[PDB]
Amino acid sequence: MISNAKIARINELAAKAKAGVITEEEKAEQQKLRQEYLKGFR
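As drawn, each chain counts its residues from 1 in written sequence order, possibly unlike the entry's numbers, and residues without coordinates are not displayed. To obtain the side-chain values, all non-hydrogen atoms of the structure were used and water was disregarded.

## Points about the overall build of the protein chain
Okay, so step 1: Working definition: helices are DSSP H or I runs of at least four residues, strands are E runs of at least two. Numbering for both runs from the N terminus. Within the protein chain, the regular secondary structure consists of 2 helices and 0 strands.
Okay, so step 2: Considering only C-alpha atoms, the protein chain reaches an extent of 30 × 15 × 10 Å along its principal axes.
Okay, so step 3: Within the protein chain, the fraction of its 42 residues that count as buried is 7%.
Okay, so step 4: Accessible surface is estimated by sampling points in the Shrake-Rupley manner with a 1.4 Å probe; for residues, cover comes only from the protein chains shown. When the accessible surface of the protein chain is totalled, it reaches about 3800 Å², and 57% of it is carbon and sulfur.
Okay, so step 5: If you average the places of the 9 positive and of the 6 negative side-chain charges in the protein chain, the two averages end up 9 Å apart. Each residue is assigned to one of three classes by its accessible area relative to the maximum for its type, calculated with a 1.4 Å probe on protein chains only: buried under 20%, partly exposed between the two thresholds, exposed over 50%. Residues scored as charged are limited to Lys and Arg (positive) and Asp and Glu (negative), so that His and the chain ends carry no count. In plain terms, the charge of a residue is placed at NZ if it is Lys, CZ if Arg, CG if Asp and CD if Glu.

## Observations concerning helix 1 (residues 5–20)
Okay, so step 1: Here helix 1 spans 21 Å end to end across 16 residues, near enough to the 22 Å set by a 1.5 Å rise per residue.
Okay, so step 2: Just downstream of helix 1, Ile-22 is the residue with a positive phi angle, here 70°. Expected span of a helix, by definition, is 1.5 Å for each gap between consecutive residues, and there is one gap fewer than residues.

## Observations regarding the packing of helix 1 against helix 2 (residues 24–40)
Okay, so step 1: Every axis corresponds to a line fitted to the C-alpha atoms, with the helix fit spanning only the stretch in contact, and the corresponding angles, defined between N-to-C directions, vary from 0 to 180 degrees. Look at helix 1 against helix 2: their axes get within 11 Å of each other, and the N-to-C directions meet at 150°. Classified by the interaxial angle, the pair formed by helix 1 and helix 2 is roughly antiparallel. Judged by the twist between their axes, the crossing of helix 1 over helix 2 is left-handed. Each of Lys-6, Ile-10, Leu-13, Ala-14 and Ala-17 in helix 1 lies in contact with helix 2, whose residues at this interface are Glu-26, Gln-30, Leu-33, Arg-34 and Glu-36. In these notes the angle categories are as follows: under 35 degrees is roughly parallel, over 145 is roughly antiparallel, 65 to 115 is roughly perpendicular, and the rest is oblique. Each crossing gets its hand from how the near helix is turned against the far one by less than a right angle, where anticlockwise is left-handed and clockwise is right-handed. By the convention used here, residues are in contact when the closest approach between their heavy atoms is within 4.5 Å.

## Brief notes about the environment of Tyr-37
Okay, so step 1: Within the secondary structure layout, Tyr-37 lies in helix 2.
Okay, so step 2: Assessed through its relative accessible area of 21%, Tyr-37 is described here as partly exposed.
Okay, so step 3: Each C-alpha atom of the pair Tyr-37 and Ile-7 lies 9.2 Å from the other, and the pair is 30 residues apart in sequence.
Okay, so step 4: Beyond its immediate sequence surroundings of up to four residues, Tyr-37 is in contact with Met-1 and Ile-2.

Right, here's the structure in full:
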């Protein structure tokens with residue numbers, strides 16, 4: 001049900017680090033973020 005600056009931020013950083021170079025450190029962060037949302041989803 002979430003869709004605030006969180007979703008926007010995730011896509012921003014993800015796409016950035018993605019179209020940039022992406023690093024284990026960064027990738028790890030997005031992990032908990034997306035993993036958390038998925039855990040709560042609806």
